[PDB]
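# experimental coordinates for this protein are included below, preceded by the sequence.
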Amino acid sequence: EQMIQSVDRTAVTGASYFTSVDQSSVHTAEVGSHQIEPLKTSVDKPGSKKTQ
Amino acid sequence: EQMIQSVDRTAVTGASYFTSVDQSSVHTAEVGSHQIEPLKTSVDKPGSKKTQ
Amino acid sequence: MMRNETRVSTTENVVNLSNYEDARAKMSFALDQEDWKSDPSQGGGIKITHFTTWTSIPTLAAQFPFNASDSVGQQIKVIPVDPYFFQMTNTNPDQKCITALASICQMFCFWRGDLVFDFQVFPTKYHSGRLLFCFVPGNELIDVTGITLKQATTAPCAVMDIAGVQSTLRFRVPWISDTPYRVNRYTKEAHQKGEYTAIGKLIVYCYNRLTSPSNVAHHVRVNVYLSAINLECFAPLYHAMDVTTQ
Amino acid sequence: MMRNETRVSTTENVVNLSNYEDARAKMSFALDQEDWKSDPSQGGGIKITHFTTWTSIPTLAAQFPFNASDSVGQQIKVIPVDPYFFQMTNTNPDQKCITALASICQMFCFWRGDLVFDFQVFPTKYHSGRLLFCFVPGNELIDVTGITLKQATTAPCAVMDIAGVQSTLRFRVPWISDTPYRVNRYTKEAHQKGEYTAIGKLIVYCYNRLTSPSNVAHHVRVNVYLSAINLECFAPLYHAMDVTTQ
Amino acid sequence: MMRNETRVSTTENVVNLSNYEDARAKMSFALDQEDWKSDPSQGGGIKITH
Amino acid sequence: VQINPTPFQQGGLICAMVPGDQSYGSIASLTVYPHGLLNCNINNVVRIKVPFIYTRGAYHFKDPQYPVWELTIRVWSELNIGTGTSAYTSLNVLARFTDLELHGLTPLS
Amino acid sequence: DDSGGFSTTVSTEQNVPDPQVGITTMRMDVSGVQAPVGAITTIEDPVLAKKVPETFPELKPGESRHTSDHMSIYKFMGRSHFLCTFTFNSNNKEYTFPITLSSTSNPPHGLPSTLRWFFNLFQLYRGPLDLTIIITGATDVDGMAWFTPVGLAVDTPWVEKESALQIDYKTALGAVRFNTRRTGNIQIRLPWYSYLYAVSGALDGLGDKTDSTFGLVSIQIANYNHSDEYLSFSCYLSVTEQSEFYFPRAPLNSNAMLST
Amino acid sequence: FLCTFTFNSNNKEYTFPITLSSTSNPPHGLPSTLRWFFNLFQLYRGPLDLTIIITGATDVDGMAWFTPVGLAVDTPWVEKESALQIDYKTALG
């Protein structure tokens, strides 16, 4: 007896301010990552509320 | 809380050359076995590709 | 007194262009011969070091429906089992739809690999019945249309219920060929006993009827994805494949 | 029996002039191939081994005064932020005054580095008021003249009192560009979206009025020195730069 | 300064065809100079080396 | 991407994340993109994570060189119904940023 | 959580390159006895789409008969393929040809047969190339071939004309000096000179005419010609090992793969 | 020896096979030493070596290429014009 896995159905997915409960779920695709640059085209810090 | 067992649904059943996947499975009935004979009506070996 | 001499060998000053070690460069325009490094920043690590990318991913090769008004055992669509197969096109834009596997293998003479056909049906949950995917090996040309349904039960095959909890069957085709590879005979323009294109054909039979109510559709369409495993090709060339017009 | 042979490779007897190892000499006129040594006597050790000499030293790139008869927030002079910038000339001798940084970078395609503008005002001790050096990044061409003074307070900038105990502000420009370098589009003769010259512009605003008595002058002139730090250029060429006529 | 020179010996660019070391190949059409291995399958070991 | 079929309808949809162009690349080869496949049988909501695919270092809003990403919706399998079944389905496309970086403040609008 | 969100339906980033090595080697029966769970599955679930496929009792296919892997790019594109061809006609004519990776550029003016299919298989492109050209025709012609990066000025592409560029612009950037009689062959690295990072294959608008192209080689001749014989050059491009590929793209149709 | 051939006009494309059949009488096929030797045995597997000599008119820029079985090539033992494109010729080797 070998069981074939399935897809999830009910889960709390969404932002803290933007929340929607789905009855049919799907795994979100993600390829690549946030690649760091040893050569940055700008020499600044990234913008934030602390500097704005 | 006592759970009543059910019938299987999805399984890879079939021959290596004759393969069909069913979405609704059923347990195959089998009574008896391959009964050996102390008295064989023929005195030969069973046929095979090695002798044919 | 210096002693430096060599003998001039033959085949001198002839451009060699078959391998990588002779088609490299001895010279360069680079000041002080500079090297350009690797930066995995603007891509994110999505890097191709081998041609297996466009092969294993299933790509749509064909399309056929399954009506409910057909007899049991009627032949629906055969699949000539090769990576060269595709039949789709487009009118906007005007483009003959290749598959991503048909572009890799068309730049070669020979092909070899265990092809994995993925038949995604699109039913409702209540469209019931079964189909038969019977692969018949050999070459691209035998009279497989004359093989009856119960005669096709002699060959190895598989059945698939249209209903259930999944809708895509991954059919791993065995490497069954007289030759250990199979030449791009599409590059040539003549049939010859010994050179071929496919290792066999694959009839979609009507194994059972399509039982459904009237508030759903009377037909279920089947996409034909094209994927593979353990794929190998050699002897490179250039060829643009043409639509197999079935 | 001797065994000496090699195969004649292609691209033979073609002069290679891009790097240093092919543009060297195999031969020499020197008797017994003599070497000329190093003597640090007639110079005193003032020896250039790298091109950073004419770059980090501040060189006058522009000149603008600051009158007292101007409104607060009136645009005085923008600086297109690049090492290519210069506007001075001379009548005796007849020579267009280059900067020492504009000669280094003009022999390249691309330039990169944190430019340090040095604004030396020439006031008395009693000329009071403040200025605004607001760098606005991007390219050489945006409508930065339409940006208002309080709109220019959104961008990062700096203020400088005209009086005090010093008179020169070193403005380290950040490397803010969409591209990691910036092509010598002055070598070309056509605008194109994607190739540019500068990483931004820098308006000198009238941040405060010039308060001064009548026994001193009514205006304070500001020299624009041109210096840099962490400067890099590549892809060499030859180009003579022209005067940015503002 | 590079120092690379040799003297051009005589009997240059004459095709030698008597032995095996001169009638070999310096060049090949093979992509990345590939080698074809040995498979004793379709013959069964009936191999002539002499 | 959020759609909603009633299970008496059949058919299929496809959403693909396409950078650069809808050029002479094949429609039947679009599974090489990070994409989504919609069906009237299994599920109705999928989500897609895609990275920053662009030639230069960063993206210019006030004057872009070319759009970084682009989504298209081709009919992957036609919408077939019966009598009285709804002849339509709904469709929604949600989007958000991940790992945001901001540089180059401007005073103008 | 890093972003404070959640995910319910299993669907993530898809199509990561290089799943398998394509030379056939052994990592007994592969399937058979156990029922095939890999045949029937959910393609809408990408985790269930990454299941080991089978449908039949199979076993080991064996090994291959060439150690040279004919399925890696670094030994597949080592064979050099056609780029362009051009002929000279008069004295000191300066020819200029780019390397335009745009699929809009139909051959000859652009990418021909193998380069147009291959360099439109992927989105981003970064690294140096190789160029192999052949001198064919009239002999004893002393010409000069040079590279010019983007941004810098060069003459008009795909146009045989007189040179409007001075020799001090030509000697400072980098060129070669050769006669047709001495060696008759050029196998040259193409330098990756750009202030932008990478180049693309299929773009639109002003990004297509700027961000697809990366380099250009332009040639002016001299001593051509004596007693009338045509001199024909032909450009074949080849690959090196310092380039890397990014974002595998859907390949082109059978229509735009035009051959010369 | 294998074969010999001469050119006559401009851009003529010549095509010759390596036909190990003993039915192929020389010149069109195996000549003297190759016909005896390569009909001493049944099966044959492995790579060869070919040595050719340029004889005659000088300063001719030609091109020689191999074509495997299955793929298309021009008609053997026939001097004619080439009907094959250069992108088919540069891709194969």
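On my side now, so go ahead. Numbering: from 1, shown residues only, chains lettered A, B, ... in the order given.

# and chain A, which of its residues are near chain G?
Chain A comes close to chain G at residues A:2, A:4-16, A:22, A:24-32, as judged by C-beta under 8 Å from any C-beta of the partner chain. Quick note: C-beta positions are derived from backbone N, CA and C, even for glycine.

# and chain F, which of the residues you listed contact it?
Applying C-beta under 8 Å from any C-beta to those, those adjacent to chain F are A:7, A:15, A:22, A:24-32.

# tell me which two in those residues are the farthest apart.
Longest distance between any two of these is 26.6 Å, between A:24 and A:32; criterion C-beta to C-beta.

# quick one: the helices in the stretch 1-150 of chain G?
Residue ranges of the helices in the stretch 1-150 of chain G, as given by DSSP state H, counting those that start in this stretch, are G:46-49, G:73-76, G:113-118.

# out of the ones you listed, which one sits most buried?
Neighbour counts (mean count of other C-beta atoms under 10 Å in any protein chain shown) averaged over each of those peak at helix G:113-118, with a mean of 24.

# close to chain F, is it?
No. Counting by C-beta under 8 Å from any C-beta, chain F is not contacted by helix G:113-118; separation bottoms out at 9.5 Å.

# which secondary structure elements does that helix sit against?
strand G:81-88, helix H:86-92 (3 or more C-beta pairs under 8 Å, 6 or more residues apart in numbering or on different chains; DSSP states H and E).

# state the distance from the spatially most central residue of chain C to chain H.
The centroid of chain C falls nearest to residue C:83 when counting by C-alpha atoms, centre = their mean (1.9 Å). Plainly put, residue C:83 is 15 Å away from chain H if you go by C-beta to the nearest C-beta, to the nearest Å.

# I'd say that residue and residue C:241 touch.
No. Using C-beta atoms under 8 Å, residue C:83 is not in contact with residue C:241, being 9.6 Å away.

# which neighbours do the two have in common?
residue C:102 (C-beta atoms under 8 Å, 6 or more residues apart in numbering or on different chains).

# just the endpoints, please. Distance across stretch G:213-232?
The first and last residues of stretch G:213-232 sit 25 Å apart, counting by C-alpha to C-alpha, to the nearest Å.

# would you mind listing the buried residues in that stretch?
Neighbour-count burial for stretch G:213-232, with 16 or more other C-beta atoms under 10 Å in any protein chain shown as criterion, is recorded at G:213-221, G:224-225, G:231.

# tabulate these (CSV), appending distance to chain H.
As requested, the buried residues of stretch G:213-232 are arranged in CSV below (distance: C-beta to the nearest C-beta, whole Å):
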residue, distance to chain H
G:213, 21
G:214, 22
G:215, 20
G:216, 21
G:217, 18
G:218, 22
G:219, 18
G:220, 22
G:221, 17
G:224, 15
G:225, 14
G:231, 11
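
# for the residue of chain F found nearest chain H, the count of nearby residues, please.
Distances between chain F and chain H by C-beta to the nearest C-beta are smallest at residue F:24, namely 17.5 Å. By the criterion of other C-beta atoms under 10 Å in any protein chain shown, residue F:24 has 20 neighbours.

# now do residue G:4
So residue G:4, with other C-beta under 10 Å, has 9 neighbours.

# now residue F:92
Residue F:92 has 10 nearby residues by other C-beta under 10 Å.

# ok now do the closest residue to it other than its chain neighbours, which residues does it touch?
Computed as C-beta to C-beta, 6 or more residues apart in numbering or on different chains, the closest residue to residue F:92 that is not its neighbour in sequence is residue F:2, at 4.1 Å. Contact analysis of residue F:2 by C-beta under 8 Å, 6+ apart lists A:22, F:44-45, F:91-94.

# just the buried subset of those residues, please.
Applying 16+ other C-beta under 10 Å to those flags A:22, F:44-45 as buried.

# in strands, which of the residues of chain A next to chain G appear?
Judged by DSSP state E, the subset of those located in strands is A:29-30.

# any quick PyMOL command for the buried ones out of the residues of chain A next to chain G?
Burial among those is assessed by 16+ other C-beta under 10 Å; the matching PyMOL selection reads:
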select buried, chain A and resi 4+7+8+13+14+22+24+25+26+27+28+29+30+31+32
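
# related to what we said a few turns ago, would you turn the ones next to chain F among the residues of chain A next to chain G into CSV with distance to chain E?
CSV is the format used below for these (distance: C-beta to the nearest C-beta, whole Å):
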residue, distance to chain E
A:7, 44
A:15, 52
A:22, 51
A:24, 50
A:25, 47
A:26, 43
A:27, 40
A:28, 40
A:29, 35
A:30, 35
A:31, 30
A:32, 30
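
# between the residues you listed, which is nearest chain B?
residue A:7 (14.1 Å).

# so what's the residue count around the closest residue in space to that closest one that isn't next to it in sequence?
Excluding the flanking residues, the one nearest residue A:7 by C-beta to C-beta, 6+ apart is residue G:45, at 4.4 Å. Using other C-beta under 10 Å, residue G:45 has 24 neighbouring residues.

# quick check: phi and psi on residue G:45?
Residue G:45 adopts backbone torsions of phi -100, psi 120, taken as degrees, to the nearest 10.

# tell me how many other residues crowd the spatially closest residue to residue C:148 that is not a sequence neighbour.
With sequence-adjacent residues excluded and distances taken as C-beta to C-beta, 6+ apart, residue C:148 is closest to residue C:73, at 7.4 Å. Using other C-beta under 10 Å, residue C:73 has 14 neighbouring residues.

# correct me, but residue C:73 touches residue C:205?
Yes. Using C-beta under 8 Å, residue C:73 is in contact with residue C:205, at 5.9 Å.

# tell me the residues of chain G that contact chain D?
G:132, G:149-153, G:168-169, G:171-179, G:181-188, G:191, G:193-197, G:206-207, G:209-211.
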